[PDB]
Structure formats: C-alpha cells, structure tokens
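Undergrad: Got a structure here, written out as structure tokens. Questions coming.
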Amino acid sequence: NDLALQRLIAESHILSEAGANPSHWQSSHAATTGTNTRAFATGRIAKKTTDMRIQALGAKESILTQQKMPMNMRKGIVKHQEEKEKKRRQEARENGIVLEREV
Amino acid sequence: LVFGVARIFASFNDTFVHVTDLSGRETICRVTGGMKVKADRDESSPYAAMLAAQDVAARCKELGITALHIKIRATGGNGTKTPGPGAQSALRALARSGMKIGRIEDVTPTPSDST
Amino acid sequence: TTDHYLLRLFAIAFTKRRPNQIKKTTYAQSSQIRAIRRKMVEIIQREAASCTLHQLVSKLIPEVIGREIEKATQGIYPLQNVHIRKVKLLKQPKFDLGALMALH
Amino acid sequence: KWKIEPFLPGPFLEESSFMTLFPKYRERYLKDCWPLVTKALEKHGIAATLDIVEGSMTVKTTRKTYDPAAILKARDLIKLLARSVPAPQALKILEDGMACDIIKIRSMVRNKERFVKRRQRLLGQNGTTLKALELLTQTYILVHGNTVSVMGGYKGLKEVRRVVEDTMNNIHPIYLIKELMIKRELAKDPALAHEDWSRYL
Amino acid sequence: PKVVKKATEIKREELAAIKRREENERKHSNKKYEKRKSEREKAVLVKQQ
Amino acid sequence: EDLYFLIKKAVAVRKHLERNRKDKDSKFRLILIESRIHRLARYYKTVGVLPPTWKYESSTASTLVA
Amino acid sequence: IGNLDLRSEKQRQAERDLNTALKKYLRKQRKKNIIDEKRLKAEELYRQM
RNA sequence: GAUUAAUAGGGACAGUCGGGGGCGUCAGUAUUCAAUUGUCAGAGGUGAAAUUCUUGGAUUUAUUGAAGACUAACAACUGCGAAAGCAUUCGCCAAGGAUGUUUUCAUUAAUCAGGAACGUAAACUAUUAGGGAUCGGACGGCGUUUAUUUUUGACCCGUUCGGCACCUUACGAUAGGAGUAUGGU
C-alpha cells in the first residue's frame, strides 16, 4: 500500500553506498571517494534511482547497463563479482556473521 | 597524592559525577549532570559532563586530594551496558583540570541471568 | 581454614590449545570436564584446609594453587590457565587483637 | 551544547593496559589489517600489540598519551576487533561522537526455528531492511550470530536498541522502519516540535 | 565432453586424496625409514613361474 | 530368558515411576517396553513354551518379584 | 625467450622434494607490533647472546 | 528326532556417551523490597514533555538481609530426546544410543483402519560419489606433553562402524489481472 516506504527500502543500497551514512565505513569512504564529491553526484544518484523505479514499475531491461562487451571483459567482470561474493560468504560463515539469503 | 575514587555513572538520560574516598562509604562531592543544564533534553550531554567534572575537580582540589581512581558504570541490569557521552567528556574535563588519574575500571553490573 | 574462617574459593580454568595441532576446537568431553573439576576441588581442598589465613593469602599472591592445578590436571586434559577468580570470607568468629596485630 | 572538541594537548600514574582474546580465523585478518590499527592508535598515543601465539590484542597507555578517554576508545576498539567488526569501522569508533553497543538477543526467543526466522526477518530481503535501518538511524548494524553489534551516535544507539527488541518481539522491522520514517518527517519541521506524536504512528 | 571432464576432475580429486592419505601414513608410521617404491614397480603385484 | 529380562526391566521402570510419579519419559518408555513384552509373549504363546492362560498385567510382576 | 624462470624452477623443485643480523631483525620486527613466535625464539636467542 | 545363523530381529555383558528425564542439594549475579550510614537538589521518562518520587532526603555511594526469576560470556553449519523441548555444581533413581564381544530363542518382522500416551502467532521463501569438516565408540602408532619411568589422557595420523548437516553431481525426476468505455439498478 505505501509507496515511499517501498522506495526507501529498495534505494537504500544506492544511498548507503553513495553518501548517506557517515558512521558506516563504506559510506564514509564513498562520501570522500571523488565520484560523490564531484559536481553533480546527487543528479547521478537520482538517475540511478529513477531507473530502479521504472524497473519496479515493470521494465525488463535497464538504461544504465552496457549491452556489448568483448566477452573477456564480461567474463572477467562476472567471475570477479562472483568470487568477491563467495569470499564474503566464506568470511561470513567464519566469524559467525549472518548474511542475507539470496540465490 | 591522596587517591579519591570517582564513580561516573554515565547513562543516556543523566550523568553522575560522584567522588568518594577509598572506602566507598563517605561521599566527598557529587555533581549530577542535570543541575548544570536548564534543559532536560540536554541533561545528558558532553557540555553537562564537562561542567560537572570541572565543579567536582574544583571542590576536590580545594580539599586537596589531586588524584583519582575512576570507576565508570552504566545502567546494567536490563539496560545497555555502555556508558553515555558523560563518561568520555567527564574523564576528559576531569584530567584536563588537574587531577592525575590513577586506575580506570568500568564496573558495570553484568547479570549472569536477568530475564 | 584452621582458624575457623569459612570462605568460598571460585576457580576458573581454560582449556589448553596444544601446539602442533590442526583441529580448531579444543573441546574436552563432559566426563573429562567432570574429572577436571573433581581434581580441581580436590587440590584446592587439600592445599587450603591445612594452612591459616595468612599463609593462604601468601599462597594466593604468586598463584601457587593455580600452578599446581595446571601441573596435576594435565594428565586428564591440559588447561591453558587456571586462576582462582574469587575468594569470599563468609564468617570470622574471632576479633583477636593478638593475631590481628601480629599481622601488622 | 552537544558538540565535543578534540583534545588540544602526564595524566596517567599507573600505566593502564587492556587485553582481549581472539581465535585463529580472526588472527589471520588481524595480522594483515593491524598496521592501520597501530598507526591510528599511535596518532592517539597508545601502544597496541598483537600476539598470534596466544591470540591476544593488548593496548597500553604510553608515556606521551594525553587524552585520557583514549584508553576507553582503544578498549572498545579491541573489543570490536575481537568480535569481528571490519577494521575501518572498528577504527571509526576512535572518533569523538561514536560509541558501540552489543545487544544480546538469544534470551528473547524460547524457540529455535522462530529465532532463526526472526533474526533473518531483522536482516531483511537482500539486506535492504538492515541498510534502511542503518540509514534512518545513522548506525552500523552487524547481526552477529546470537548478538547484534551496533555503532554510531548515542541517539542512533537508542533507536536501534528499541528496533532490535521490537523485531525480536514479533513486531515487524518494516513496521518499525515506517515508524522511523514518520518520526523523521515529523522532526523535519519544528512547527510540531513538542506534541505527543502517538497520533501519527 | 561434459561427463568425461567432470569425471576426470573427480578422478583428480580422489587420486590427490589417496596420495595425501598415503603420505600422512608414511610421515606418521614406521614406513618412513624405507625407500619410496616407484609407481612402475608398484604396477605388478606378484610374478610367478 | 528374553521375556524374563523384559519383565524385569518393566518392574524396575514401574518401581522408579511409583517413587517419582512426575516424569513422562519413563511412562513413555514403560509403554514401549510393555508393548514389547506383549508382542514377545504372544509369539511365545503361539509357539506354546509357556501356559496360554499365563498373563502379566501387574500381578504377575508382583508374584515374580515376590 | 625460453630461458629459465629461476624463482619458479626453485619453487617447483621445493614442492617436488618436499649475531650481527639477528639484532636488526628485532629492530625491524619491534615496529609491527605482532609478536609472531619466530620473534619469541629470536628473543630467547638474543637473551642467550 | 533340531538348516543357513539374515548384509531384518529382541535380549545379555563391558568400557562408555549425552546442555535426555524425575527428586533433592549447591552456587552465581541481576532486579525488587527493607534496614544502616555518607548524602544534599533534583531524579525519572522522552524525539520533546507530562503523570510520579523528591529536605521525613528521592536518584546516587557503601554494606548486609529476604523473596521470586533465570542460568550471561563458553554456545558451535555441534550434542541428546520420537515431538514440544533440554544449558549452575554435586548426589540418588531408573531409562536410552552407539561401539565391542570368544552372547543367546530362530521368525519372532514391515505397514497402518479402530484406538491409546505425551502438546499471542504468521509476514519474503538400490546407489548417487566422493571430498573437506564434525562428534560417539573400537583398533592400530613415527612421535611431542603428562613422565621422577609404566600406566593413562591431550595433540597428530591411518582403518572401521554410526549419526546430525554443507557443497558438487543428479542416478534421475516431476505438479484470470490491468485499463477504457456503454446501458441499467
């Protein structure tokens, strides 16, 4: 029923990775990173959130993603992202930290 | 150097700067946090702890002990087990105005099983 | 003690991780824990029932009791560190200035 | 009335020292994240050693330490580093306005499967409710096994305390996030600065 | 083909496990004071006439 | 005899249950052991090694401990 | 092109076959301040020296 | 006159194993209540407040006493129980699991109609073929530490049964809504 609650929950990743939580270490690093201290960072976050809003309204494909890559760049990117998520899952299985369940 | 024992009860609502002798029985001088701030909102604040620590250190240097052993606590039964801003600010102001600090210990009441 | 002071001794003892081992958990079995606790209470009774209070404090200061528990429990399961974490004097039935000034 | 000034300038007679004990899987990460820790603690004036043989972090106040709350900052820092908070966040406790808290939540649910469900309900779908709570409360929340370790300002510590207890007591965190969003919207305008806000939640 | 690739990965895992078991039994048993028997010599069980 | 050891276990369980009276795990194990006794007893009846009018409810337990 | 990678050859052969400096060692390793049991052995060696 | 002794049973014995159960007992803090002192102006809550307690002294400081509750940290990709569930020590009482045995009757068994015992919530979801861990036995041993030297235990390794769970592979499988109009009531 509520709209702006649903918008705050989904866009929380993008806001908290942009600048909005100065006690979180990743957000306190991304508040001085440079791609958020530039001139129009708030507008670029607005474009990302508007793309996610139209995706929630029913768009199947995105505007911000790049569609053509030379197959070695995309394999390296996808393999590095999967290895990063797997290493975070293992270093959270040890230390007993519970994480968000997703396949 | 006469060591007096300073109990700093740092909660989230008010901070208690309290100075006793080595026994624990005879209170030398205490200044609560809310008696230095007009606002019950800002009763638990670093400014309140700074004013309380300055008044307590002034009284205890008029009595001439000039050395404290500091025991910091908080609401520990079903509470938070962490001191509020009063602890850090009161210890900072207390040693910034004289008062060679001795032994620091955080004696919070930790229940073995409460509820 | 022999001066009829009743007191409680609370001892704590953490399990020794053996060097040149690979397994992460150094768990003693429950029956082994019960044997360790039995040897602990036997040692503290046999080495605190014979002396007076002043000799008991003189043995508590360099921690002779925890050292002897560490030495005698290592045939059951080796213990990383044995301390006596609390001493509580419950009742002192005598006020004698003779021994109380023989202290000072 | 609330801002806190950095310490400008021997305040210690007895050379204070604290210790905490960590296991091996933390010994690896601490061994290769330690120079950041001892660099910032040398900037604060406190010597910090690590012992991979016994598995112990020690802090101790040196001759030239001047801030007396620095030893409490360092004790909390090595507590969080033992309790596996990541290293820049554990070093972020060394600022003036931060504080940590550990919330024991295993005592709140008698059942086990109900406890697992309510803990994962606190963590949310893809972590979105957790980072929404971190945004709305300006805190860092780490759902750590049977405990929950939070950091931040003292106001945010109190709000995440309330939200974690109410999440364990079967009130939904989406309901609590809606409550916090309403409170933020009401505290934005000071025309409604002192009323009883229970007519809105 | 996928079946042959998956089964040779499984065979490499099983052969490495068997080699590790044999090496640990050699390092902690009384076989440590012997020469390592070569694999071509281990290929034959017995020879008789 | 298997039946002899089973009824001995049954008398031991019932005596402990009479002394304690509050627990339910011993009552559940008593139900299991009495079902086991009746099944093995029925097989020994249909073989015929013991009297077909011999029965154990509690009085045979009493007269075999007595 | 075709010469030896000497470091890689030494590592391959390793995985196949498997009083003036010990003061600046402690000078370099007192600065970490990781305790690191090889340094405990070095401290006992320096105490014996 | 009486088979294989089953890679299905039930029992016996031995060392055990378990935060399984009952009864008693022993502690531990914490909370509340009360008392004794030092008090000497607020304390408590909240986003702010307010109700309330406060010179007969609140909150605080220290020390005792009582009551009721619960068993922090250890505490787990674990253990036990059929399930709900079960975490202080010690004693008693039976029971149970697995292993080992140079242990016995030899179909006793499998499945459930009928019946019988135990009892504020929800809310994002014949093998697989082995390997790495894990704990409970039993066996073996180059060795470090007990050990003043034999026991014995801890650590490492291998074999073997048994069991909670992980990953890979399948050996395979298979199970009306949203808008826009029009006319009635």
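Starting from 1 in every chain, residues are counted up; chains themselves are A, B, ... following the order of the structure tokens, and ligands are numbered from 1 as listed.
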Residues within 12 Å of segment 49-52 of chain F, please, as a VMD selection string. Count only C-alpha atoms (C1' of nucleotides); anything in the same chain fewer than 6 positions from it doesn't count.
TA: (chain F and resid 1 3 40 to 43) or (chain H and resid 105)
Undergrad: Store the residues picked out above in a file with N, CA and C atoms (P, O5', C5', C4', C3', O3' and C1' of nucleotides), as a PDB file, in the first residue's frame.
TA:
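This went into part.pdb:
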ATOM      1  N   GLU F   1      16.180 -65.733  30.087  1.00  0.00           N
ATOM      2  CA  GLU F   1      15.135 -65.585  29.085  1.00  0.00           C
ATOM      3  C   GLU F   1      14.949 -64.127  28.701  1.00  0.00           C
ATOM      4  N   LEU F   3      12.109 -62.754  27.679  1.00  0.00           N
ATOM      5  CA  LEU F   3      10.900 -62.308  28.359  1.00  0.00           C
ATOM      6  C   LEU F   3      11.151 -62.037  29.834  1.00  0.00           C
ATOM      7  N   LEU F  40       6.396 -60.185  22.332  1.00  0.00           N
ATOM      8  CA  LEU F  40       7.226 -61.373  22.514  1.00  0.00           C
ATOM      9  C   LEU F  40       6.465 -62.467  23.254  1.00  0.00           C
ATOM     10  N   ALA F  41       5.589 -62.072  24.182  1.00  0.00           N
ATOM     11  CA  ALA F  41       4.760 -63.034  24.889  1.00  0.00           C
ATOM     12  C   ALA F  41       3.763 -63.698  23.955  1.00  0.00           C
ATOM     13  N   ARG F  42       3.198 -62.948  23.004  1.00  0.00           N
ATOM     14  CA  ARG F  42       2.257 -63.537  22.054  1.00  0.00           C
ATOM     15  C   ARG F  42       2.951 -64.527  21.124  1.00  0.00           C
ATOM     16  N   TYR F  43       4.183 -64.213  20.701  1.00  0.00           N
ATOM     17  CA  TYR F  43       4.936 -65.179  19.897  1.00  0.00           C
ATOM     18  C   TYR F  43       5.260 -66.436  20.698  1.00  0.00           C
TER      19      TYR F  43
ATOM     20  P     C H 105      19.861 -70.530  21.548  1.00  0.00           P
ATOM     21  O5'   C H 105      18.314 -70.179  21.361  1.00  0.00           O
ATOM     22  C5'   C H 105      17.293 -70.857  22.086  1.00  0.00           C
ATOM     23  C4'   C H 105      15.923 -70.297  21.769  1.00  0.00           C
ATOM     24  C3'   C H 105      15.573 -70.235  20.290  1.00  0.00           C
ATOM     25  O3'   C H 105      15.020 -71.448  19.817  1.00  0.00           O
ATOM     26  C1'   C H 105      15.155 -68.124  21.276  1.00  0.00           C
TER      27        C H 105
END
Undergrad: List every residue of chain C that DSSP, applied to the backbone of this structure, assigns to strand (DSSP E or B), and report them as a ChimeraX atom specification.
TA: /C:6-15,79-91
Undergrad: Can you tell me which residues surround residue 21 of chain E at a distance of at most 12 Å, considering only C-alpha atoms (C1' of nucleotides), apart from same-chain residues fewer than 6 positions away, and format the answer as a ChimeraX atom specification?
TA: /E:14-15,27-29 /H:157-159
Undergrad: Keeping only N, CA, C and O atoms (P, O5', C5', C4', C3', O3' and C1' of nucleotides), write the selected residues to a file as a PDB file, in the first residue's frame.
TA:
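Produced file again.pdb, reproduced below:
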ATOM      1  N   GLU E  14      40.056 -37.571  -6.222  1.00  0.00           N
ATOM      2  CA  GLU E  14      40.201 -38.829  -5.494  1.00  0.00           C
ATOM      3  C   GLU E  14      41.652 -39.295  -5.457  1.00  0.00           C
ATOM      4  O   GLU E  14      42.112 -39.811  -4.432  1.00  0.00           O
ATOM      5  N   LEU E  15      42.398 -39.099  -6.547  1.00  0.00           N
ATOM      6  CA  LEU E  15      43.799 -39.501  -6.550  1.00  0.00           C
ATOM      7  C   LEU E  15      44.643 -38.607  -5.660  1.00  0.00           C
ATOM      8  O   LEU E  15      45.566 -39.098  -4.997  1.00  0.00           O
ATOM      9  N   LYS E  27      54.398 -40.412   6.840  1.00  0.00           N
ATOM     10  CA  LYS E  27      55.066 -39.486   7.749  1.00  0.00           C
ATOM     11  C   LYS E  27      54.789 -39.811   9.208  1.00  0.00           C
ATOM     12  O   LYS E  27      55.554 -39.399  10.083  1.00  0.00           O
ATOM     13  N   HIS E  28      53.701 -40.522   9.498  1.00  0.00           N
ATOM     14  CA  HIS E  28      53.403 -40.817  10.893  1.00  0.00           C
ATOM     15  C   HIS E  28      53.382 -42.308  11.192  1.00  0.00           C
ATOM     16  O   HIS E  28      52.878 -42.717  12.242  1.00  0.00           O
ATOM     17  N   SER E  29      53.893 -43.136  10.293  1.00  0.00           N
ATOM     18  CA  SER E  29      54.001 -44.559  10.559  1.00  0.00           C
ATOM     19  C   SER E  29      55.461 -44.989  10.469  1.00  0.00           C
ATOM     20  O   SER E  29      56.363 -44.175  10.261  1.00  0.00           O
TER      21      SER E  29
ATOM     22  P     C H 157      45.621 -34.864  11.513  1.00  0.00           P
ATOM     23  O5'   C H 157      46.066 -36.329  11.094  1.00  0.00           O
ATOM     24  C5'   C H 157      47.139 -36.508  10.190  1.00  0.00           C
ATOM     25  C4'   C H 157      47.587 -37.941  10.122  1.00  0.00           C
ATOM     26  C3'   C H 157      46.535 -38.965   9.772  1.00  0.00           C
ATOM     27  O3'   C H 157      46.182 -38.961   8.408  1.00  0.00           O
ATOM     28  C1'   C H 157      47.882 -39.789  11.521  1.00  0.00           C
ATOM     29  P     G H 158      44.649 -39.171   7.999  1.00  0.00           P
ATOM     30  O5'   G H 158      44.523 -40.746   7.840  1.00  0.00           O
ATOM     31  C5'   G H 158      45.459 -41.458   7.053  1.00  0.00           C
ATOM     32  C4'   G H 158      45.507 -42.915   7.426  1.00  0.00           C
ATOM     33  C3'   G H 158      44.172 -43.627   7.520  1.00  0.00           C
ATOM     34  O3'   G H 158      43.663 -44.003   6.254  1.00  0.00           O
ATOM     35  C1'   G H 158      45.519 -44.204   9.374  1.00  0.00           C
ATOM     36  P     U H 159      42.077 -44.084   6.009  1.00  0.00           P
ATOM     37  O5'   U H 159      41.647 -45.448   6.707  1.00  0.00           O
ATOM     38  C5'   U H 159      42.166 -46.691   6.264  1.00  0.00           C
ATOM     39  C4'   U H 159      41.729 -47.821   7.160  1.00  0.00           C
ATOM     40  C3'   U H 159      40.238 -47.928   7.412  1.00  0.00           C
ATOM     41  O3'   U H 159      39.547 -48.553   6.348  1.00  0.00           O
ATOM     42  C1'   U H 159      41.417 -48.220   9.443  1.00  0.00           C
TER      43        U H 159
END
Undergrad: With only C-alpha atoms (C1' of nucleotides) as the counted atoms, please give the residues lying no more than 9 Å from segment 4-14 of chain F, apart from itself and same-chain residues fewer than 3 positions off, as a ChimeraX atom specification.
TA: /F:1,17-19,26-27,29-30,33-34,36-37,56,58,61-62,65 /H:11-12,94-95
Undergrad: Please identify all residues of chain H having at least one atom at most 9 Å from any atom of chain D, considering only C-alpha atoms (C1' of nucleotides), and return them as a PyMOL selection string.
TA: chain H and resi 47-49+85+121+123-124
Undergrad: Taking the chain letters and numbering used in this document, name the residues of chain E that DSSP puts in helix (DSSP H, G or I), as a ChimeraX atom specification.
TA: /E:2-27,30-32,39-42
Undergrad: Determine which residues of chain H sit within 10 Å of chain B, taking into account only C-alpha atoms (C1' of nucleotides), and present them as a PyMOL selection string.
TA: chain H and resi 28-31+37-49+59-63+69-73
Undergrad: Please identify all polymer residues within 7 Å of residue 48 of chain B, counting only C-alpha atoms (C1' of nucleotides), omitting same-chain residues fewer than 5 positions from it, and present them as a VMD selection string.
TA: chain B and resid 33 36 to 37 43
Undergrad: With distances taken over only C-alpha atoms (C1' of nucleotides), which of E:5, E:19, E:12, E:24 is nearest to chain H?
TA: E:24
Undergrad: Using only C-alpha atoms (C1' of nucleotides), which residues sit within 12 Å of segment 16-31 of chain G once same-chain residues fewer than 5 positions away are excluded, as a list in words?
TA: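 Neighbouring residues, sequence-local ones excluded: residues 34, 35, 38, 39, 42, 47, 48, 49 and 50 of chain D; 23 and 27 of chain E; 9, 10, 11, 36, 37, 38, 39, 40, 41, 42, 43, 44, 45, 46, 47, 48 and 49 of chain G.
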Undergrad: Define the interface residues of chain G facing chain D as those within 6 Å, counting only C-alpha atoms, and report them as a ChimeraX atom specification.
TA: /G:33-36
Undergrad: Can I get the selected residues back with N, CA and C atoms, as a JSON list (two decimals), in the first residue's frame?
TA:
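result_19.json was written with the following content:
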[["chain", "number", "residue", "atom", "x", "y", "z"],
["G", 33, "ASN", "N", 53.08, -4.37, 15.85],
["G", 33, "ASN", "CA", 53.95, -4.97, 16.86],
["G", 33, "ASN", "C", 53.54, -6.42, 17.08],
["G", 34, "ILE", "N", 53.38, -7.15, 15.97],
["G", 34, "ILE", "CA", 52.93, -8.53, 16.02],
["G", 34, "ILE", "C", 54.00, -9.39, 16.67],
["G", 35, "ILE", "N", 53.57, -10.32, 17.54],
["G", 35, "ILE", "CA", 54.52, -10.96, 18.44],
["G", 35, "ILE", "C", 55.19, -12.16, 17.77],
["G", 36, "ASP", "N", 54.42, -13.04, 17.12],
["G", 36, "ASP", "CA", 54.90, -13.85, 15.98],
["G", 36, "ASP", "C", 56.07, -14.77, 16.35]]
Undergrad: Report as JSON, numbers by chain all protein, DNA and RNA residues lying within 8 Å of residue 160 of chain D, evaluated on only C-alpha atoms (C1' of nucleotides), omitting residues in the same chain fewer than 2 positions from it.
TA: {"D": [133, 137, 139, 150, 156, 157, 158, 162, 163, 164]}
Undergrad: May I ask which of the residues A:94, A:44, A:33, A:87 is the closest one to chain C, counting only C-alpha atoms?
TA: A:94
Undergrad: How many Å lie between atom CA of residue 43 of chain C and atom CA of residue 72 of chain C, rounded to one decimal?
TA: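 If I compute the distance from atom CA of residue 43 of chain C to atom CA of residue 72 of chain C, I get 8.6 Å.
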